[PDB]
$ cat coords_20.cif   # mmCIF, C-alpha atoms
data_entry
loop_
_atom_site.group_PDB
_atom_site.id
_atom_site.type_symbol
_atom_site.label_atom_id
_atom_site.label_comp_id
_atom_site.auth_asym_id
_atom_site.auth_seq_id
_atom_site.Cartn_x
_atom_site.Cartn_y
_atom_site.Cartn_z
ATOM 1 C CA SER N 346 0.897 -32.670 -4.944
ATOM 2 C CA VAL N 347 0.800 -30.116 -7.739
ATOM 3 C CA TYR N 348 -2.973 -30.245 -8.202
ATOM 4 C CA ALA N 349 -3.691 -30.619 -4.461
ATOM 5 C CA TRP N 350 -1.483 -27.919 -2.972
ATOM 6 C CA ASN N 351 -1.966 -27.549 0.778
ATOM 7 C CA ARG N 352 -3.190 -24.371 2.472
ATOM 8 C CA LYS N 353 -2.493 -23.044 5.966
ATOM 9 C CA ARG N 354 -3.893 -20.038 7.825
ATOM 10 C CA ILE N 355 -1.699 -18.026 10.195
ATOM 11 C CA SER N 356 -3.064 -15.515 12.712
ATOM 12 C CA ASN N 357 -2.417 -14.491 16.331
ATOM 13 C CA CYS N 358 1.335 -15.045 16.294
ATOM 14 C CA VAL N 359 4.694 -13.310 16.370
ATOM 15 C CA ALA N 360 6.772 -13.725 13.215
ATOM 16 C CA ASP N 361 10.553 -13.520 12.793
ATOM 17 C CA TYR N 362 11.306 -13.395 9.073
ATOM 18 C CA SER N 363 14.931 -12.387 9.678
ATOM 19 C CA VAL N 364 16.134 -15.844 10.731
ATOM 20 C CA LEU N 365 14.645 -17.560 7.680
ATOM 21 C CA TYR N 366 15.861 -14.650 5.546
ATOM 22 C CA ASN N 367 19.418 -15.332 6.713
ATOM 23 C CA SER N 368 18.886 -19.057 6.118
ATOM 24 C CA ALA N 369 20.537 -20.293 2.920
ATOM 25 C CA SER N 370 18.483 -23.511 2.820
ATOM 26 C CA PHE N 371 16.026 -21.807 0.438
ATOM 27 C CA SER N 372 17.000 -21.783 -3.235
ATOM 28 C CA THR N 373 14.856 -18.791 -4.244
ATOM 29 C CA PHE N 374 13.657 -16.063 -1.862
ATOM 30 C CA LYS N 375 11.633 -13.841 -4.194
ATOM 31 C CA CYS N 376 9.352 -11.260 -2.596
ATOM 32 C CA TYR N 377 7.034 -9.282 -4.846
ATOM 33 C CA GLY N 378 5.174 -6.433 -3.173
ATOM 34 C CA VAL N 379 7.559 -5.731 -0.302
ATOM 35 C CA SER N 380 11.277 -5.851 0.458
ATOM 36 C CA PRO N 381 12.337 -9.105 2.174
ATOM 37 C CA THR N 382 14.319 -7.233 4.845
ATOM 38 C CA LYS N 383 11.488 -4.779 5.616
ATOM 39 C CA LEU N 384 9.242 -7.479 7.095
ATOM 40 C CA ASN N 385 10.174 -6.907 10.743
ATOM 41 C CA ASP N 386 8.372 -3.564 11.170
ATOM 42 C CA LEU N 387 5.236 -3.708 9.034
ATOM 43 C CA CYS N 388 2.855 -6.499 9.951
ATOM 44 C CA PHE N 389 -0.394 -7.882 8.602
ATOM 45 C CA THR N 390 -3.297 -10.199 9.386
ATOM 46 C CA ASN N 391 -4.697 -13.404 7.885
ATOM 47 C CA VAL N 392 -1.448 -14.760 6.502
ATOM 48 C CA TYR N 393 -2.022 -17.457 3.885
ATOM 49 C CA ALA N 394 0.560 -20.125 3.080
ATOM 50 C CA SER K 937 -35.532 39.149 -0.655
ATOM 51 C CA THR K 938 -34.254 37.896 -4.014
ATOM 52 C CA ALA K 939 -31.522 35.279 -3.704
ATOM 53 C CA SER K 940 -28.617 34.635 -6.082
ATOM 54 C CA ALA K 941 -28.646 38.291 -7.151
ATOM 55 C CA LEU K 942 -24.827 38.311 -6.884
ATOM 56 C CA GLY K 943 -24.034 35.395 -9.138
ATOM 57 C CA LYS K 944 -20.688 36.625 -10.445
ATOM 58 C CA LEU K 945 -18.878 36.825 -7.107
ATOM 59 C CA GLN K 946 -20.344 33.503 -6.005
ATOM 60 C CA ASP K 947 -19.159 31.946 -9.264
ATOM 61 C CA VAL K 948 -15.632 33.264 -8.750
ATOM 62 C CA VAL K 949 -15.517 31.907 -5.206
ATOM 63 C CA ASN K 950 -16.889 28.537 -6.305
ATOM 64 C CA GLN K 951 -14.321 28.296 -9.095
ATOM 65 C CA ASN K 952 -11.459 28.913 -6.690
ATOM 66 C CA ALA K 953 -12.866 26.466 -4.151
ATOM 67 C CA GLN K 954 -13.335 23.646 -6.642
ATOM 68 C CA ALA K 955 -9.880 24.188 -8.127
ATOM 69 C CA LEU K 956 -8.311 23.839 -4.690
ATOM 70 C CA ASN K 957 -10.543 20.878 -3.876
ATOM 71 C CA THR K 958 -9.611 18.904 -6.977
ATOM 72 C CA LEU K 959 -5.951 19.753 -6.445
ATOM 73 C CA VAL K 960 -6.246 18.222 -2.983
ATOM 74 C CA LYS K 961 -8.132 15.214 -4.329
ATOM 75 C CA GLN K 962 -5.410 14.467 -6.878
ATOM 76 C CA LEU K 963 -3.194 13.251 -4.020
ATOM 77 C CA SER K 964 -4.981 9.870 -3.975
ATOM 78 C CA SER K 965 -4.116 8.689 -7.495
ATOM 79 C CA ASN K 966 -1.754 5.794 -8.124
ATOM 80 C CA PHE K 967 -0.459 7.405 -11.340
ATOM 81 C CA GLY K 968 0.752 3.878 -12.036
ATOM 82 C CA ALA K 969 2.455 3.494 -8.665
ATOM 83 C CA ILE K 970 1.537 0.623 -6.365
ATOM 84 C CA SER K 971 0.031 3.079 -3.867
ATOM 85 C CA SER K 972 -0.683 6.757 -3.277
ATOM 86 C CA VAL K 973 1.212 7.159 0.019
ATOM 87 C CA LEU K 974 4.952 7.790 0.165
ATOM 88 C CA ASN K 975 5.587 6.526 3.686
ATOM 89 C CA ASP K 976 4.010 3.113 3.170
ATOM 90 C CA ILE K 977 5.824 2.246 -0.053
ATOM 91 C CA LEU K 978 9.028 3.516 1.543
ATOM 92 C CA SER K 979 8.507 1.373 4.639
ATOM 93 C CA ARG K 980 7.571 -1.754 2.683
ATOM 94 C CA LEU K 981 10.220 -1.547 -0.058
ATOM 95 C CA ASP K 982 13.986 -1.116 -0.193
ATOM 96 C CA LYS K 983 15.996 1.852 -1.436
ATOM 97 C CA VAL K 984 16.724 0.415 -4.878
ATOM 98 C CA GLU K 985 13.306 -0.507 -6.276
#
$ encode --input "coords_20.cif" --output "C-alpha cells"
Amino acid sequence: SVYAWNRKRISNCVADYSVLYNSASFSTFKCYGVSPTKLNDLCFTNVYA
Amino acid sequence: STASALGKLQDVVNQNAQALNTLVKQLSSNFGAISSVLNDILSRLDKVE
C-alpha cells in the first residue's frame, strides 16, 4: 500500500540492468544520479528497493 | 645558537609552500558539481548531461 511500502535488501549478487533497460514493460525509467546505460560497469553494495 | 634569525627567507619559502598546497587542495571542491573527480562522473553519467 501507499503508507506501507515494502522494502527489500539486495547484496551478494550479479545484476544485469541491460535486459530490464531494454524491456518496454516499464512506463517510466527515470534514473537520477547515474546514466541508465552505464550501470553494467560501475557497481555498488547494499542495494535498497 | 639563536634560532629564527633568518625570518625573511623562511617566510618567503613558507608563502610559496602554502600557495602551492592550497592550490593542490582546491582540487577536492564540488564547485556545485555532484563530485570532485572527473573519471567517476564520466563513468556514471552519459555524454549529454
$ atom_distance --input "coords_20.cif" --atom1 "CA of residue 963 in chain K" --atom2 "CA of residue 976 in chain K"
14.4 Å
$ closest_atom_pairs --input "coords_20.cif" --of "chain K" --to "chain N" --cutoff "7 Å" --atoms "only C-alpha atoms" --output "CSV"
residue,atom,partner,partner_atom,distance
K:979,CA,N:383,CA,6.9
K:980,CA,N:379,CA,5.0
K:981,CA,N:380,CA,4.5
K:982,CA,N:380,CA,5.5
$ atom_distance --input "coords_20.cif" --atom1 "CA of residue 349 in chain N" --atom2 "CA of residue 390 in chain N"
24.7 Å
$ residues_around --input "coords_20.cif" --residues "residue 389 in chain N" --least-positions-apart "6" --cutoff "12 Å" --atoms "only C-alpha atoms" --output "JSON list (two decimals) with C-alpha atoms, in the frame of the given file"
[["chain", "number", "residue", "atom", "x", "y", "z"],
["N", 355, "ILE", "CA", -1.70, -18.03, 10.20],
["N", 356, "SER", "CA", -3.06, -15.52, 12.71],
["N", 357, "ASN", "CA", -2.42, -14.49, 16.33],
["N", 358, "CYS", "CA", 1.34, -15.04, 16.29],
["N", 359, "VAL", "CA", 4.69, -13.31, 16.37],
["N", 360, "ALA", "CA", 6.77, -13.72, 13.22],
["K", 980, "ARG", "CA", 7.57, -1.75, 2.68]]
$ atom_distance --input "coords_20.cif" --atom1 "CA of residue 392 in chain N" --atom2 "CA of residue 353 in chain N"
8.4 Å
$ axis_aligned_box --input "coords_20.cif" --around "range 364-377 of chain N" --padding-each-side "3 Å" --output "lines of an AutoDock Vina configuration file"
center_x = 13.8
center_y = -16.4
center_z = 2.9
size_x = 19.5
size_y = 20.2
size_z = 21.6
$ build_atoms --input "coords_20.cif" --residues "range 348-364 of chain N" --atoms "N, CA, C and O atoms" --output "short mmCIF file (atom, residue, chain, number, x, y, z; two decimals), keeping the file's coordinate frame"
data_model
loop_
_atom_site.label_atom_id
_atom_site.label_comp_id
_atom_site.auth_asym_id
_atom_site.auth_seq_id
_atom_site.Cartn_x
_atom_site.Cartn_y
_atom_site.Cartn_z
N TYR N 348 -1.57 -30.60 -8.07
CA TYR N 348 -2.97 -30.24 -8.20
C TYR N 348 -3.69 -30.14 -6.87
O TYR N 348 -4.81 -29.62 -6.82
N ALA N 349 -3.08 -30.62 -5.78
CA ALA N 349 -3.69 -30.62 -4.46
C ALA N 349 -2.79 -29.91 -3.47
O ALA N 349 -2.48 -30.42 -2.38
N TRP N 350 -2.34 -28.71 -3.84
CA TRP N 350 -1.48 -27.92 -2.97
C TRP N 350 -2.18 -27.65 -1.64
O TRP N 350 -3.39 -27.46 -1.59
N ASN N 351 -1.40 -27.63 -0.56
CA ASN N 351 -1.97 -27.55 0.78
C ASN N 351 -1.93 -26.13 1.32
O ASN N 351 -0.94 -25.41 1.15
N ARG N 352 -3.01 -25.73 1.98
CA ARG N 352 -3.19 -24.37 2.47
C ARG N 352 -3.11 -24.35 3.99
O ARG N 352 -3.57 -25.29 4.66
N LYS N 353 -2.52 -23.29 4.53
CA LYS N 353 -2.49 -23.04 5.97
C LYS N 353 -2.81 -21.58 6.25
O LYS N 353 -2.38 -20.68 5.52
N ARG N 354 -3.58 -21.36 7.31
CA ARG N 354 -3.89 -20.04 7.82
C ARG N 354 -3.01 -19.72 9.02
O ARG N 354 -2.80 -20.57 9.88
N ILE N 355 -2.52 -18.49 9.08
CA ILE N 355 -1.70 -18.03 10.20
C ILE N 355 -2.29 -16.73 10.72
O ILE N 355 -2.47 -15.77 9.96
N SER N 356 -2.60 -16.71 12.02
CA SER N 356 -3.06 -15.52 12.71
C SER N 356 -2.76 -15.67 14.20
O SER N 356 -2.59 -16.79 14.69
N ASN N 357 -2.70 -14.54 14.90
CA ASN N 357 -2.42 -14.49 16.33
C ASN N 357 -1.07 -15.15 16.65
O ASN N 357 -0.99 -16.18 17.31
N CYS N 358 -0.01 -14.52 16.15
CA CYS N 358 1.34 -15.04 16.29
C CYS N 358 2.31 -13.89 16.43
O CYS N 358 1.93 -12.71 16.42
N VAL N 359 3.59 -14.24 16.56
CA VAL N 359 4.69 -13.31 16.37
C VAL N 359 5.66 -13.95 15.38
O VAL N 359 6.03 -15.11 15.53
N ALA N 360 6.03 -13.19 14.35
CA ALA N 360 6.77 -13.72 13.22
C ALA N 360 8.16 -13.11 13.17
O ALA N 360 8.31 -11.89 13.33
N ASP N 361 9.17 -13.95 12.94
CA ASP N 361 10.55 -13.52 12.79
C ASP N 361 11.03 -13.97 11.42
O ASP N 361 11.53 -15.08 11.25
N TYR N 362 10.87 -13.09 10.43
CA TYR N 362 11.31 -13.40 9.07
C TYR N 362 12.81 -13.26 8.90
O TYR N 362 13.34 -13.72 7.89
N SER N 363 13.50 -12.62 9.84
CA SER N 363 14.93 -12.39 9.68
C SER N 363 15.72 -13.69 9.71
O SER N 363 16.66 -13.86 8.93
N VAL N 364 15.36 -14.61 10.60
CA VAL N 364 16.13 -15.84 10.73
C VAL N 364 16.02 -16.69 9.47
O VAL N 364 17.02 -17.21 8.97
#
